[PDB]
Amino acid sequence: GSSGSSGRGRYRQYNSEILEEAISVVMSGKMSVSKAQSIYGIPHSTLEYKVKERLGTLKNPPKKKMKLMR
């Protein structure tokens, strides 16, 4: 039985699974980006974008013209 060892930082990365969790809480209004970021261990700049993406821009996305980099 059991297995695991997490808590109080200790390693600093999230699975693509964990990310969906920390989005669903925020979407459902359980918290906001800043709050869940810290709870789930997600970067704010990721979580922010990912909420603002999963909100449903992903269907019929904007791809017609661009010319940029970062």
# chains A, B, ... in the order shown; residues from 1 in each chain; ligands from 1
>>> residues_around(residues="stretch 13-20 of chain A", least_positions_apart="3", cutoff="7 Å", atoms="only C-alpha atoms", output="JSON, numbers by chain")
{"A": [23, 24, 41, 42]}
>>> select_by_dssp(residues="chain A", states="alpha helix (DSSP H)", output="PyMOL selection string")
chain A and resi 16-27+33-40+44-54
>>> atom_distance(atom1="atom CA of residue A:7", atom2="atom CA of residue A:45")
22.0 Å
>>> atom_distance(atom1="atom CA of residue A:28", atom2="atom CA of residue A:2")
29.6 Å
>>> residues_around(residues="residue A:12", least_positions_apart="4", cutoff="12 Å", atoms="only C-alpha atoms", output="ChimeraX atom specification")
/A:6-8,37-43
>>> atom_distance(atom1="atom CA of residue A:34", atom2="atom CA of residue A:50")
12.9 Å
